[PDB]
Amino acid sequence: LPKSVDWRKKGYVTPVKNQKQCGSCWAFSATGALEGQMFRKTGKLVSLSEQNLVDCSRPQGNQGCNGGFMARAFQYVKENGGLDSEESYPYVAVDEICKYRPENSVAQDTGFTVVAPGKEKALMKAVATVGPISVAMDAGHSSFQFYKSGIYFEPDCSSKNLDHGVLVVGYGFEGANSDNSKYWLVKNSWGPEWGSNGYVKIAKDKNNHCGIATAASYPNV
């Protein structure tokens, strides 16, 4: 496997978005992973509608601005036969009436693949060979809110209690040594003003820090 990966350099990743005051991270994580896989398939990067997911995926077990899961979003896309573009179905950060229209669908999936739970080596393999991967993490700590740069390591982090869904767009290491200071390169959904232009490096191969490999998945396209 590569010692470093950064899917942004290969055109897989849209600009960082902003979920605002809605608990819709799961939808941003899901569209992020789906944007990557659709790009892999077609070579065309198209920003996808988190609002479509928020409004329409309650039958699959999501709860709009009250939370959800990336797997349930990929399932909705499968059962629904599609997902609209952001341009056609824009985000307003509140639960609204489902406006899915099949004629504006620009992505599909056939389900999803779960990465072996807890296994950072499985997660690494997935990142290196598939593309951006949806993950859940423990992001509720003050240290995460205040994050600006470097490798994030929070001794209080849980591998088990995961309150946020984000996107792993690669991995690598700080410094000369490829097995020191390793990190997951993570796209957040709190706008480009947060963290490092909207991104954060999370400690890698440190006992599944903040639960990054606890519940990772990606859509099958």
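Numbering starts at 1 and runs along the sequence shown.
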**Asked** Of the two stretches 43 to 51 and 149 to 157, which shows the higher Cα B-factor on average in the entry?
**Response** 149 to 157
**71 to 79 versus 98 to 106 - which carries the larger mean C-alpha B factor in the record** = 98 to 106
**Prompt:** Which listed residue, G61, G172, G64, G165, has the largest C-alpha temperature factor in the record?
**Reply:** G172
**Request:** Tell me, lowest, middle or highest third: where does the Cα B factor of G195 rank within its chain?
**Result:** highest
**Prompt:** For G118, does the deposited CA B-factor place it in the lowest, middle or highest third of the chain?
**Reply:** highest
**Asked** Among the modelled residues of its chain, does the C-alpha B-factor of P90 lie in the lowest, middle or highest third?
**Response** middle
**Request:** Quick one: classify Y183 as lowest, middle or highest third of the chain based on its Cα B-factor.
**Result:** highest
**Prompt:** Would the CA B-factor of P132 place it in the lowest, middle or highest third of its chain?
**Reply:** lowest
